[PDB]
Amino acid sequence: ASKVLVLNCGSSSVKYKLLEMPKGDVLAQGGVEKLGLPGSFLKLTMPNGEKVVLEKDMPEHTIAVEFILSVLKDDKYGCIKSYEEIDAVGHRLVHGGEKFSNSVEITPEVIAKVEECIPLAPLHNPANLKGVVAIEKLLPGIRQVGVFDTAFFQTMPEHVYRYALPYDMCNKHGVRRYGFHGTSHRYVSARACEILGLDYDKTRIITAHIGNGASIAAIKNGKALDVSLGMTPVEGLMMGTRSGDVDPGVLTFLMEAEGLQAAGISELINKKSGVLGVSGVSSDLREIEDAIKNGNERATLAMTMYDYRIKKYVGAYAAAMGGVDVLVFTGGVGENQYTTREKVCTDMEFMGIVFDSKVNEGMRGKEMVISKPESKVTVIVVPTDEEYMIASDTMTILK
């Protein structure tokens, strides 16, 4: 039994959980917000479910992480008596480029390579490293592990990861598909196989991480083959505010027609598009659901579009792998939006899916098979746990 602190550091945030391993019990969870801004604060969730908001000036990451640690140890809000109870720290690192294929113990050599990947995630990797530096200062001699969002997808072959763009220009600028959500795809694919009694290394898996950001992956015989996200997180599925796949020529057309530059078109496809952009209602699928009940036709259209594009990816990735054994739904939307799951999996008998509509109906947030027993393809809901996956890699590496 060990306690592992798991961090996710952003430009103006630190999200944390403290996990008891190997069970994965959450001892603490919270987040610092508005770090480096006036009115920085920490919000935590107590074991009994109560939310607590603590204001404190936190101008940079070290002071933020120091406050988190003091809260963990507090006699009122805390869950540990001493920092020595924390056995290790695991970090979400966004981008491992072509340098990392798996999680690693953080050494100076590792930090240097993560710094080399900063150009591939310039607004994420620096903050992630600030978290590592904070822990070296505040918990000296504790060992730390880095777990990369991109690493799982480093098995993709060049015919998948290369775009059909000018060869030299792509190579010069490191343009290729990387994928994100890799920690989630890794966790739910392996978890599904354990639940189902299958050998991970002999199974063809499609994993659909549908949240505010959405991605789908093809995992064949234990190695990722393809993923819907690209070099950037705008590609693939329709998302909350991101476009997903769009005609490249539409982008250049809108640049001329609306007088947008690179930055303007980037903001449009990342912030004003997807479910929000079509619906004119919300990026939140629950608010869409409500708007649909009040007969909002644009909200209905957004959801029809959303479901359709997931369905097409399921077909595409089955074709890419030569079949599929397991289809996994995960993420905030995948775990909860049973109507999407139904629309995606119905009329898919031609490729081995027989769906269990009655079991699926109303089914939110549990691990559950939602295909009929006789389905050739098993369809399963697996709530993701990226923090647990990080803690699990941490314990394996530091063993």
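For every residue, the number given is its place in the sequence shown, counted from 1.
The mean Cα B-factor in the deposited entry runs higher for 16-24 than for the other of 16-24 and 382-390.
Per-stretch averaging of Cα B factors for 31-39 and 369-377 places 31-39 on top. Between the residues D149, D307, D247, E115, it is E115 that shows the highest Cα B-factor in the PDB record.
Note on the listed residues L69, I353, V53, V344: the highest Cα temperature factor in the record is that of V53. Placement of the Cα temperature factor of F100 within the chain: middle third of the modelled residues, per the deposited record.
Among all modelled residues in this chain, the alpha-carbon of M58 has a temperature factor (C-alpha) in the highest third.
For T45, the recorded CA temperature factor ranks within the highest third of the chain's modelled residues. Among the modelled residues of its chain, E361 has a C-alpha B-factor that falls in the highest third, as given in the PDB entry.
Among all modelled residues in its chain, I142 ranks in the highest third by Cα B-factor.
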